[PDB]
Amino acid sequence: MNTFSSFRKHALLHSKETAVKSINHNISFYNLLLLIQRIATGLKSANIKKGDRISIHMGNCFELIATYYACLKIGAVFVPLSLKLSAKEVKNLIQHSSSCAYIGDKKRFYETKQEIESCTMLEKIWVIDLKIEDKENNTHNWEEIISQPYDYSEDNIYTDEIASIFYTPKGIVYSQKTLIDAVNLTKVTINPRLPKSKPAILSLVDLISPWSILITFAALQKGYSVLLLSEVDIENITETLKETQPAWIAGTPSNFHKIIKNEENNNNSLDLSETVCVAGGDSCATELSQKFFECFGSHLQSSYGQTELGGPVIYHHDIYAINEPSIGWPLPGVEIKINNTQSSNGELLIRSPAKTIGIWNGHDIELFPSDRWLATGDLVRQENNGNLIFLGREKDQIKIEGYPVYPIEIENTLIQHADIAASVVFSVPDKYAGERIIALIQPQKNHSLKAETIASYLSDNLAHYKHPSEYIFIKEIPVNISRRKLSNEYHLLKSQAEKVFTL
């Protein structure tokens, strides 16, 4: 069962239930299938064929998810163009991907119009809410692609065929099978609670971005509705969440930090205690989970994955339950190897059951040996129960007397202190020790804090060789965090510090 046919099967058996909703709109499973079918007929009527590449360039709307499924239905390769791309970058991807069609919305098209229309390989350009004076040459209004009824023509889709190209300047090629296996990984990470009185799934990452594509396919295949928000909706996220009350929210760590910060004001208070929230990336969200529980009483989850691995590969279904920084457990079929360093800690290597096909180089696919391991650049230790303790980036590792020291582990200890609001640990060169550990300490509250408190606190909680040699008290840590750039600004930091304490 490929991704479209899995959607279809569910839509035909659960026709009346809401598949997608926004603040002002909704569409049932059955009507979304009808829209997908009309788009498929319009594409084929416009001479789009299995294997043709379609660049897709639009904000969150029902047409975006319908277009993904229409491409899948007919075997057209979809090429999502991130909304963060400049006009020159969008043109580069349209050209590099060898797209022969483009589908976009009004805002994205008109920001990029001259570039898109100068891509001479584009035989069809469809634009939602195209201005009528611009319907000419190969540029068409979106309504044209759905104007004809479904023609019931067959499609022969095979799981080894290309389905999509997800650009990181590297076009990662997914087959129909990659997408099946990536959605199957993602399905394991979407676990709303049982309602008390139907779950709606929200992803705060744009639907043009691969993690949200997978979340959306997986949610619909589990029969959940998907809530789509606009940029303005997400700028007003606290009020939007009170109104829409999703059961499950995916987002970046930054998304959830902002949600936390909005509560410091407000009044009516947003109740996320029953909501399952999933922070997504290539790091660890343990400190965020502590803040998120304090603020909402909700138990943050995390997902760790990347496009080259097809989908999510490691999932932490309860970050806050683990006192150490951790990233969770490998998903089903995921294989891991921890590089042997003659110790329990090493680089995390991953092989995923969602095998990408290769890299599109503009002219051909550079094929991936299906046995390849991906080196993540992250250090881990695997506990007895499988949980991957997170030791930080390999390149942030500090050496003390020959032994590796991990800033993220020291930071996690420091912030548990009631008087410490935040902390960043890094090293500086030292003529005779090689490196020396510095701790940037941001005092909590409106409170006072003496370094001697910290050194004694660390004696009880950390091995001595992991201890900072020096404390820099500053009541705002520079963010925008790069322990490398902070090391480079060590003398500046000391000169701006509330106080410095050298042991």
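Residue indices: 1-based, along the sequence shown.
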Residue 265 to residue 266: deposited residues not modelled, binned count -> none
Gap size between residue 480 and residue 481, counting deposited residues with no coordinates: none, 1 to 3, 4 to 9, or 10 or more? 4 to 9
Given the B-factors recorded for C-alpha atoms, which segment has the greater mean, 128 to 136 or 101 to 109? 128 to 136
Per the record, averaged over C-alpha atoms, which has the higher B-factor: 204 to 212 or 408 to 416? 408 to 416
Among 28, 60, 37, 453, single out the one with the highest C-alpha B factor in the record, please. 453
Sorting 186, 340, 254, 290 by Cα temperature factor from the record, which one lands on top? 340
What third of the chain does residue 16 rank in for C-alpha temperature factor, lowest, middle or highest? middle
Would you check the entry's CA temperature factor for residue 54 and let me know if it's in the chain's lowest, middle or highest third? lowest
Give the position of residue 437 by CA B-factor within its chain, expressed as the lowest, middle or highest third. middle
Classify residue 143 as lowest, middle or highest third according to the C-alpha B-factor given in the PDB entry, relative to its own chain. middle
So where's residue 41 on the chain's Cα temperature factor ranking, which third? middle
